[PDB]
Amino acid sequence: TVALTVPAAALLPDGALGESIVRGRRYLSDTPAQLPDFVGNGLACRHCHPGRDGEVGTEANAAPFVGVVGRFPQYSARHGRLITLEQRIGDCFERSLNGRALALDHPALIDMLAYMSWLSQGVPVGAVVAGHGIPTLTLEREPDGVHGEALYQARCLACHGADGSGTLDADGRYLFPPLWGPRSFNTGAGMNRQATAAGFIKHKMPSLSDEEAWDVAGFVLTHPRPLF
């Protein structure tokens, strides 16, 4: 694998590409507000693909976009065939944002691609970046949702709410996003899988033990959310 690196915003090119990258960043950080026809819930891309310093998709083990463009096209078991990055983004619009895929030549889609290509600057095509994806966490026992409930109240609730509905910021965007219910991700999302949720929670919290991450993920995933 190659190391995860984040290019400097100060070195962005003047011109059409620079401008596109900037719009891309915004669509990824502010998605429900910038793309209302395509988003069906309260989530922005940055709520599962967080980043430091205004960027999006730059954190190891939280599915960073750094280096993503060199990994597509790739086989998708979901589709039964090779898919492009444009299509992969479409899947997260339909599942994670409970919405609709943008047309494959939609200029907002091309802006998001330009942003991801900028983040992938210097990464060799084909190379795998350290920290890519969300590494799964799997324990050899059932997730204990009773224990999980107690852990939720002690470690999560303060941010994500008793009802899992999250906390709105002053501008109507989620400061702390919703974890279940009608504004959360739908059942088709990868985050609706126990080992992916457990792994995401384990790595994004710093901190929880493996058993704790496993059990609280189980509790979160007992709740209703939109059907895909």
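Each residue number is its position in the shown sequence, starting from 1. Between two forms, the rigid core is defined as the largest C-alpha subset superposing within 1.5 Å.
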66-74 or 197-205, the stretch lying farther from the shown form in 5 other deposited structures of this protein by root mean square CA distance over structures and residues, after core fitting, is 197-205
As the entry stands, the deposited residues without coordinates between residue 206 and residue 207 add up to 4 to 9
With B-factors read from the PDB entry, the higher C-alpha mean of 83-91 and 121-129 is in 121-129
Going by the entry, of stretches 46-54 and 175-183 the one with greater average Cα B-factor is 46-54
Listed options 216, 16, 12, 22: highest C-alpha B factor recorded at 12
Per the deposited B-factor column, the C-alpha that peaks among 146, 101, 97, 156 belongs to 146
By the entry's values, the third containing the CA B factor of residue 26 is the lowest
Binned into thirds over the chain's modelled residues, the C-alpha B-factor of residue 35 lands in the middle
Residue 167: C-alpha B-factor third of its chain, per the entry, is the highest
Temperature factor at the Cα of residue 107, chain-ranked in thirds, falls in the lowest
Residue 160: CA temperature factor from the record, placed by chain third, in the lowest
